[PDB]
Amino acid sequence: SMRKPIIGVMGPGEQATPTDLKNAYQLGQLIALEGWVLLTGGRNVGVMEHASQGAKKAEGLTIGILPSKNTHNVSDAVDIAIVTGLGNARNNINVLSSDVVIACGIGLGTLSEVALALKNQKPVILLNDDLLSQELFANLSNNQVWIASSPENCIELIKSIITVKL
């Protein structure tokens, strides 16, 4: 493949913590500064939107995988709107399309995406303060999930992951 790495950033919306939102915005910037593509589920609030705005601040390309049948809710920070009409079934597209999936914070939708990514043997990085989810996913994935300490650490982990792929 000559394609740029695609990094999926998943996380909560309205219930994202202040730390999740700061982490998301920083991640978006850092992904774009590497020349990587950012993929999100296209939500116009919370982690996905802060990540997308971060990437755009650093002139990166952003892809949104929308659950709706139209673009009515997509933000200006999404360059490419993939309109699925699949509702929450689109979560599987997010994970299959990503070279690495980062869960920035935790919530029900994020839990579903992490679970699907690990079932598909996709590399997953958790960036959150939820020890229960970390232990549960480590157990179910036979310790294949990665736990990051910061946005910068996520980028370091991605570089090690995509180097082993190569």
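A residue's number is simply how far along the shown sequence it sits, counting from 1.
- Look at the C-alpha B-factors of 125 to 133 and of 109 to 117. On average they run higher in 125 to 133.
- Remark: stretch with higher mean C-alpha B factor among 20 to 28 and 141 to 149 is 141 to 149.
- Placement of the Cα temperature factor of residue 92 within the chain: lowest third of the modelled residues, per the deposited record.
- In this PDB entry, residue 71 carries a Cα temperature factor that places it within the middle third of its chain's modelled residues.
- Sort the chain's modelled residues by C-alpha temperature factor and residue 6 lands in the middle third, per the entry.
- For residue 50, the recorded CA temperature factor ranks within the lowest third of the chain's modelled residues.
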